[PDB]
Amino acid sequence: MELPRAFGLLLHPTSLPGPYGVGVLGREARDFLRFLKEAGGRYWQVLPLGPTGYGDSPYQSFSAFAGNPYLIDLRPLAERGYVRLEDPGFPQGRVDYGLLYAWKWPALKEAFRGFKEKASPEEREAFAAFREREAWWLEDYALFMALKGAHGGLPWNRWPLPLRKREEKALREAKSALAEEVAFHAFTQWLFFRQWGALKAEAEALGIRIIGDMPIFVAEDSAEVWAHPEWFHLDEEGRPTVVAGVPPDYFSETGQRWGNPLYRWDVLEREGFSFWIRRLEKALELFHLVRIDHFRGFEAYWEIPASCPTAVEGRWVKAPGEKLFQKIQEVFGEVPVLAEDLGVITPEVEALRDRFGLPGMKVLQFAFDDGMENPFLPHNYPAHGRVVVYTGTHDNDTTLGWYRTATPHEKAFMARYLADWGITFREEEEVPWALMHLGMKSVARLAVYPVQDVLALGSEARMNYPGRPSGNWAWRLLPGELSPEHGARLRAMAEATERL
């Protein structure tokens, strides 16, 4: 993949400013694209866009295909009279997910009722047409969500056996009994894709490419796992027999047990990797590039017996990454994938990435805790530049927040390294900019930065803190917070580093 030298910004849509408690796919999203274009940015990166559950993590979605109903802009609906919106008291600068769950679901439900009553024939037709075209994943997703709502939010593998095991007769009866609930969820999808499609066209009109994000492993409690038990290592009761994670290492003697169901790779290969082809086809309708989290899992993954409460009991298992990507190349004619390969250092993963021209990542906040051999330091990046450099990702603190808690060593080495690259700073608040500048001076073809670093926000704006119980995925921009001055500063930096 040939990436021209450029820069972009990382901003999950929920973080957009605007009324009604959460960023949505509307004017403010368009304002951000405009800001990005004026700043000279050519990429907008988001986190996974699927529907979320308790904890609100984009990385644990009810579906590998559905769009997050919380991102639906309700204004176009209120404007056609389908619903009357009333702010129950959403805060500024953050998403109160508890309130959004309590208020937005009913507002979408009311909107659907108003729609059935007032929609024009053209809208009814379009929605029906959408349900037909997307049936191959929508039938399962909409029934999955209807069943979930009818069984008190229980995970699919705790539902009555006939439904859990998808006995046809039982599914047909449920689909019939929950007809309006199924149509309602299908309605949230039609709105989500219509709005995303419009936003994507806006991005394209502005010369902007969108980098989507798809975790390599799906979630246990999701429509596709329920509908395709044959593609995952589950027992007869739908329980994963092995789960994803990573082994212990110098950092943790317990490793990480993520819990995700794992693929029956032999079955997927036999089916021409249909699940993955479908997954990518759907994603390519929404994005120009797809970042895949834990890309190394296509080469080998840490398989943990589900009975083990930690990650200590696993073993590395080879996956057919080569054949899968050969299949992806064959079908799509290119592999529009960005590999999340943080801390892999394994040769075979690098080789698989390179074989298909896939860029990896570099995160500057991790470059100063040791020596000059640290792979995250710019002089160590590959001369071919097929890598995306970030100051920090959604899992890291903002760079100012990181700086304030960095070790004396990190702070001193960073400053010295910056100076070696002709960069300096005076106040703490300037560190995010100095690091963004260091990334832009690097050979990395793409430099992508979280908006919180553009705003030089502290720890209060950190998107996600892995391991922390609450406050995650909630940060939001305030109206007008990204000023023309922020854009001009990014633009001047891009111009100087030849990224325009």
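Residue numbers run from 1 along the displayed sequence.
Novice: Report the stretch with the higher mean CA temperature factor, choosing between 187-195 and 369-377 on the basis of the entry.
Specialist: It is 369-377.
Novice: Compare the mean C-alpha B-factor of 466-474 with that of 56-64 as given in the PDB entry, and name the stretch with the higher value.
Specialist: Comparing 466-474 with 56-64, the higher average CA B-factor belongs to 466-474.
Novice: Which one of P320, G212, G392, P261 shows the top CA temperature factor in the record?
Specialist: That would be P320, according to the entry.
Novice: From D397, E139, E224, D341, pick the one with the largest CA B-factor in the entry?
Specialist: Checking the PDB record, the top C-alpha B-factor among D397, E139, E224, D341 is at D341.
Novice: What third of its chain, lowest, middle or highest, does the C-alpha temperature factor of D235 fall into?
Specialist: Its C-alpha B-factor belongs to the middle third of this chain's values.
Novice: Sorting the chain's modelled residues by C-alpha B-factor, tell me whether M493 ends up in the lowest, middle or highest third.
Specialist: Lowest third of the chain for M493's C-alpha B-factor.
Novice: Mind checking which third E181 falls in for C-alpha B-factor across the chain?
Specialist: According to the entry, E181 has a C-alpha B-factor in the chain's middle third.
Novice: Using only modelled residues of the chain, where does the Cα B factor of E220 rank: lowest third, middle third or highest third?
Specialist: Within its chain, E220 is a lowest-third residue by C-alpha B-factor, going by the deposited values.
Novice: Would the CA B-factor of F144 place it in the lowest, middle or highest third of its chain?
Specialist: As the PDB entry reports it, the C-alpha B-factor of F144 lands in the lowest third of its chain.
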